[PDB]
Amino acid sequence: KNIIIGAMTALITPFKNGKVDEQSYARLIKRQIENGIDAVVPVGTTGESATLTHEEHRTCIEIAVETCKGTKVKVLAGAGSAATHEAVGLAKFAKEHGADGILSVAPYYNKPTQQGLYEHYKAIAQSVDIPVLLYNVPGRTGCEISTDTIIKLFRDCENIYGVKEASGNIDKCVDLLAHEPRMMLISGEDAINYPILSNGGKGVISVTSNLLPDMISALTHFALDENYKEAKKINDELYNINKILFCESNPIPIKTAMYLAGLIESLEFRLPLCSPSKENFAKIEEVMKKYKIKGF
């Protein structure tokens, strides 16, 4: 299978005056490129995918593709939806506009059965000829892609090559790679990046890397080389920031940190997302002082 692995970033989507700041978006990519990141994910959960229009979603994918041309960095485009017809539409757009692959979150809100999840992802995978990474995040979607369904999809669909797990379930990570060691398990939870990688996971799709791309990149590449002492030391050092970046729903803390670091101009979200509490704003600022944040 064709694959997209390594250190990857779930890009925030900056706003200015309520619209996507397209110049800031491109500048934030490139900063990721220049700090060792292997792939970028435009318009995932961290990118406020649910509140962008379909037009804005597509614009962000195009900016990511244009910014990564001439580099090794790959574009793994967010293309998920609760509706299969909408997910297929985004998948085809990403393919026709030069993305290297797609990420596709399990349908949220409507809680499809495992049979429905299989048919959902089969239709997505059959619609394009680029790699497809599944994405399981039950705390957000209200459903789980079972290990059996993930493995069936990997084995049955040529371009489905693995899963991004955000489920706090290392047992399932063992289950997945013990029964199907050819898949690419990707960590979707920064605090446990190292345990997932050390069980044979092959990359991360990170929130923390928005702020600390060099540290997440080094952690991942140490682990892929089986330099587990060095990978664990970075994972341990990052624990405090990894947890404070979820003191409120992601991406509220990460955008707060990017603003405090002067990496975005305004602390702007699209409703129903909004600024953190005053107390949490101060907690994020405090934890940040313990880390070296690269500029532009």
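Sequential numbering from 1, following the sequence displayed.
Enquirer: Between 201-209 and 81-89, name whichever shows the higher mean Cα B factor according to the PDB entry.
Expert: Taking the mean B-factor of the alpha carbons in each, 81-89 is higher.
Enquirer: Pick between 6-14 and 277-285: the one whose mean CA B-factor in the entry is higher.
Expert: According to the PDB entry, the answer is 277-285.
Enquirer: Among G168, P107, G188, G101, single out the one with the highest C-alpha B factor in the record, please.
Expert: That would be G168, according to the entry.
Enquirer: If you rank the chain by CA B-factor, which third does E237 end up in: lowest, middle or highest?
Expert: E237: CA B-factor falls in the lowest third of its chain.
Enquirer: Within this chain, which third does the Cα B-factor at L267 fall in: lowest, middle or highest?
Expert: Top third by C-alpha B-factor.
Enquirer: Would you please rank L224 by its C-alpha temperature factor against the other modelled residues of its chain and give the third it falls in: lowest, middle or highest?
Expert: Ranked within chain, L224 CA B lands in the middle tercile.
Enquirer: Which third, lowest, middle or highest, does the C-alpha temperature factor of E96 belong to within its own chain?
Expert: Tercile = highest for this residue's CA B-factor.
Enquirer: Of the three thirds of its chain by CA temperature factor, lowest, middle or highest, which one includes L177?
Expert: Its C-alpha B-factor, which the entry lists for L177, ranks in the middle third among residues of this chain.
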